[PDB]
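Some notes on the structure that comes next.
Just so you know, all these numbers are worked out from the coordinates, no wet-lab data involved. When we count neighbours, we look across all protein chains shown, and the Cβ atoms used for this are built from the backbone with ideal geometry, even at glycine.
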Amino acid sequence: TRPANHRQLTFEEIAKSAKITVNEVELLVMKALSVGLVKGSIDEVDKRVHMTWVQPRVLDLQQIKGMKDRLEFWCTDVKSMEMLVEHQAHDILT
Amino acid sequence: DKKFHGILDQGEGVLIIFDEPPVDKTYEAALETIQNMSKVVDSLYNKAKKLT
Amino acid sequence: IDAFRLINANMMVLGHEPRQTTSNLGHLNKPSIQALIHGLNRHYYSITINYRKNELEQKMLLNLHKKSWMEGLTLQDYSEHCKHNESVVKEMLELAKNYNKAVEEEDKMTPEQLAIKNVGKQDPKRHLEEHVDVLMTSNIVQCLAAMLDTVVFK
Amino acid sequence: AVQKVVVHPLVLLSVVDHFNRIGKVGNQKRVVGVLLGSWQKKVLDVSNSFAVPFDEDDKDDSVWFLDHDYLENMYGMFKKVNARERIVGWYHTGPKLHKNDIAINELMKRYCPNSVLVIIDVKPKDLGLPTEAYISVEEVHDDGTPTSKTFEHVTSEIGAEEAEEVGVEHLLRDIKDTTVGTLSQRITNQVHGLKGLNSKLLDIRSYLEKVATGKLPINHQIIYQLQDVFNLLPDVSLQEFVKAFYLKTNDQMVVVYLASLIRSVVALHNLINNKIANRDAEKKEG
Amino acid sequence: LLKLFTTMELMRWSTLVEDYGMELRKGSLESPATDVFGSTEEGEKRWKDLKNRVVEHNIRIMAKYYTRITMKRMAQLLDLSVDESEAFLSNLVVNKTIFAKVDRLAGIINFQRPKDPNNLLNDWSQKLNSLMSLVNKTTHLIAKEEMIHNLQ
């Protein structure tokens, strides 16, 4: 859901969505880490779960559209500040 | 007497253990050259003073 | 590589290598001593070689033998880069102390003779700023590529 | 199982001239010939080749001619003059490849079992593309999918041995992209290293334009294989923050006090050595 | 033996004694189980040492999947006291076989280690180089492969 801007998920959100109790979420996330559909980690001083995730799936063409807009913002940032570098050091580039 | 890398607190009664940075060498070798470069400018200072 | 051509003995009363109205014979080689000891220049003669060299073969051999695309913005990151920043400065300190030695010496020992009798590819300018160039080129290209990757990637 | 192929630079080179051989009658826009090789390990090696008569029709794109008898005898020649070398595959050009290449490959896999093909790009030779090589495997397609061929890719490179760099270095002689670069050389590597970044990206731009817009049928494999790319780019944080200025400053210190000061004092030494030698020849003219 | 492989096979010693303790009592054949455990002092220390092996199996998987962990959660997950969990972990770290460190004024202990700016930047460049430039090289060539099959 959230595209790794704040992927530090709180434990209560798992206990709300999966409607499982608080004490089972650690065995729940160590299971999915064991199977290998996720490669995150667990903190417990905040009881928040960090997520580095590598199991992708189908993304339903209306969300290819939002994937296009990410790629274009990514596109124009590459092109613009390439032009800033070329115009800045044009005299010593040659 | 440097037998140990820690620190104490009177306000907490709490012993804290930390480590040491070993990356002193680059800045240390830098400022010794400034002592060398200070003498070579003094060498050029009286070289211009002895003859213009 | 060299190319040759067999000359007759019928022109023994005439000029062997019968060359004429041009001034590009004294180029490309003088007849070398290891080759004129054999049948040059009384059995065969040399002949000039240049290359039918063209575009679309020049550029495809240039650009395809020496190229690196994604390597142009790599890092070689810092565990050996910043280590190499120690690797030069240390003897550059001692070579600076050697640079101290000659400059505070400065004696009238006929100083145009004093400079020429101790050429050694050594201290005052040769073993100097050459290192300053290498410290400059390595650190700028490192740090400039570091700032761009922060710019480009989010 | 091929790691990478090694292109000896006589083979491509001996393709471009053969394209230029038929170019006086040129109406085919593709040249197919035989790729000799020397299989050593999971990495492959190519060092020789030759050509073969081939034609192809735009209509029905499945009537094509490799010449077996010409392939028999001339390979029998190159075996006789050099028994080190054998066949490893074939080549063609025209980067929009004809779909007939299933039939070309499945014929001459009876000469080499793990046959391999290399596409050279004679006319497109500009941005980032030396060559391209494919490998032939055939699954069905996937779990619940019909049958297919599906050419797969093995990465490529351009190799170098002694007594061809001798032929290379004697033939450049103009700019050569000289040995280990200066400041200007590294910055240009960052320029056209980045000019191809968006160039690959403008291609992946157009793909998910024309597949998501709604023209051609979607692959599923390439979609989620693109998805993990976007969930792998780093972000900025406080741990990135205090660390970056910890070691940018450490790179900076070497530049600042050790390179700028000492280069100035050397040039300051050239002041006094000039001005003494200037006026002492001036005052001692007469 | 399958359950003592790895990745916790999710386990707990209280569950382990109540499903396989019947295996240590009379059964069909059963006799090496009565031979190894169940004795007067030889099997009884081996009851203790099996407890030792399973709690040691539970420490290593915690070091895999936890940045931090409170002290009270480790006590209730190892089926033993807070003070025993202190000394059993303190034994393993002076033996330096599990690489951890505690803070017992607050009970919050940690398993991760302090990374270096030479190291964090090396991880920053590694995800950058290896799997944002190479996979971007990779996607482009399959993207050319789809133009083969789809048109015409």
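Less than 17 Å from a label point 7 Å out along the Cα-to-Cβ axis of D:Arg173: which backbone N atoms in the range C:36-68 qualify, by residue?
Taking a point 7 Å out along Cα→Cβ of D:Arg173, the residues of the range C:36-68 whose backbone N falls under 17 Å are C:47-62.
In debye, nearest 20, what is the charge dipole magnitude of chain C about its Cα centre with +1 on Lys and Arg Cβ and -1 on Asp and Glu Cβ, if you could check?
Dipole about the Cα centre, nearest 20: 1060 debye.
For B:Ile17, C:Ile7, what's the fewest-to-most ordering of other Cβ within 10 Å of each Cβ?
So the ranking, lowest neighbour count to highest, is B:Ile17, C:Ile7.
Checking the table D:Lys29/D:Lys59; C:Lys83/D:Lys248; A:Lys68/D:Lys123; D:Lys24/D:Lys99 against a 22 Å threshold on Cα-Cα, which pairs fail?
Violating the 22 Å Cα-Cα cut-off are A:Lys68/D:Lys123; D:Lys24/D:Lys99.
The range B:4-52: which chymotrypsin sites (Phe, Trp or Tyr not before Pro) are DSSP loop and have at most 16 other beta-carbon atoms within 10 angstrom?
B:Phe4, B:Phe18
What distance in nm separates the simple spin-label points at C:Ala35 and D:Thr249, each placed 7 Å from Cα in the Cβ direction?
6.7
To the nearest 20 debye, what is the magnitude of the charge dipole of chain A about its Cα centre, counting +1 on the Cβ of each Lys and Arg and -1 on the Cβ of each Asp and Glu?
Roughly 500 debye, rounded to the nearest 20.
Given only helices, namely DSSP H runs of n ≥ 4 each adding -39500 (n - 2.57), what is the per-residue ellipticity at 222 nm of chain A, to the nearest 500 deg cm²/dmol?
The helix contribution divided over chain A gives -16500 deg cm²/dmol.
For an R0 of 22 angstrom, estimate the FRET efficiency from the Cβ-Cβ distance between D:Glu138 and E:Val135 and round to the nearest 0.05.
0.30
Which residues does the label zone of E:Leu16 cover in the range E:41-55, counting backbone N under 18 Å from a point 7 Å along Cα→Cβ?
E:43-55
Among D:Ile175, D:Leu36, D:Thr155, whose Cα lies farthest out toward the positive end of the dipole of chain D, if unit charges sit on the beta carbon of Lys, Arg (+1) and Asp, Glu (-1)?
Of D:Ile175, D:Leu36, D:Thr155, it is D:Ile175.
For q = 0.10, 0.15, 0.16 Å⁻¹, what log10 I(q)/I(0) does the range D:80-234 give under the Debye formula with an equal point scatterer on each alpha carbon and no solvent?
-0.61, -1.21, -1.29
Taking neighbour counts of Cβ atoms within 10 Å as a proxy for exposure, in what order, fewest first, do D:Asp58, E:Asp83, C:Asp149 appear?
Exposure proxy ranking, most exposed first: D:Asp58, E:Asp83, C:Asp149.
For n ≥ 4 DSSP H runs only, could you compute -39500 (n - 2.57) per run for chain E, divide by its residues and tell me the 222 nm figure to the nearest 500?
Computed mean residue ellipticity for chain E: -18500 deg cm²/dmol.
What distance in nm lies between label points placed 7 Å from Cα along the C-beta direction at D:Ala1 and E:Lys96?
3.9
Please list 3J(HN,Hα) in residue order for the range A:30-43, calculated via the Karplus relation 6.51 cos²θ - 1.76 cosθ + 1.60 where θ = phi - 60°; whole Hz, with x for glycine and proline.
Working through the residues one at a time gives 6, 5, 5, 5, 6, 5, x, 8, 6, 9, x, 7, 10, 9 Hz.
Just from its helices, what would the mean residue ellipticity at 222 nm be for chain D, if runs of 4 or more DSSP H residues each count -39500 (n - 2.57) and the sum is divided by every residue, rounded to the nearest 500 deg cm²/dmol?
-12500 deg cm²/dmol
Evaluate the charge dipole of the range D:2-182 about its Cα centre and quote only its size in Debye, nearest 20, assuming +1 on the Cβ of each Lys and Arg and -1 on the Cβ of each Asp and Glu.
With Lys and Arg at +1 and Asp and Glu at -1, about 400 debye.
Out of residues 5 or more away from D:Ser49 or on other chains, whose amide H comes under 5 Å of its own, with H placed 1.01 Å from N in the peptide plane?
Under 5 Å from the amide H of D:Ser49 lie the amide H atoms of D:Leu36, each far enough along the sequence or on another chain.
For the residue pair D:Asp235 and E:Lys3, what label-to-label distance in nm results when each label sits 7 Å from Cα along the Cα-to-beta-carbon direction?
With each label point 7 Å from Cα toward Cβ, the separation is 4.1 nm.
Could you state the orientation-averaged shadow area of the convex hull built on the Cα atoms of the protein assembly as shown, in nm² to one decimal?
60.5
Show which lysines lie in cross-link reach of C:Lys53 when reach means a straight Cα distance below 17 angstrom and same-chain residues fewer than eight apart are skipped.
Here the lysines satisfying the reach criterion relative to C:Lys53 are D:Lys176.
Mind running the shape call on the range D:223-282? Use the C-alpha gyration tensor, a ≥ b ≥ c as the square roots of the eigenvalues: rounded below 1.5 for a/c, prolate if a/b tops b/c, oblate otherwise.
Since a/c reaches 1.5 and a/b is larger than b/c, the shape of the range D:223-282 is classed as prolate.
Using the reciprocal of the averaged 1/r over all distinct C-alpha pairs, how large is the Kirkwood radius of chain E in Å?
Averaging 1/r across every pair of different Cα atoms and inverting gives 20.0 Å.
So what are the three principal axis dimensions of chain B from its Cα atoms, in whole Å, longest to shortest?
The principal-axis extents, from largest down, are 69, 22, 17 Å.
Convert each backbone phi in the range E:133-140 into a coupling constant with the Karplus relation 6.51 cos²θ - 1.76 cosθ + 1.60 (shift: θ = phi - 60°), then list the ³J(HN,Hα) values in order as whole Hz, x for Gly and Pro.
Values, residue by residue: 9, 6, 6, 6, 5, 6, 4, 5 Hz.
Sequence gap at least 6, Cα distance under 8 Å: using those rules, report the relative contact order of chain D to the nearest whole percent.
It rounds to 14 percent for chain D.
Mind checking which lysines have their C-alpha under 23 Å from D:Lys41, skipping anything on the same chain fewer than 8 residues away?
Straight-line reach from D:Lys41, under 23 Å: D:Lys4, D:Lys79, D:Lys109.
Taking θ as phi - 60°, what are the ³J(HN,Hα) couplings along the range D:273-283 by the Karplus curve (6.51, -1.76, 1.60), each to the nearest whole Hz, with x for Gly and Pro?
With coefficients 6.51, -1.76 and 1.60, one gets 5, 7, 6, 5, 5, 6, 6, 6, 7, 6, 6 Hz.
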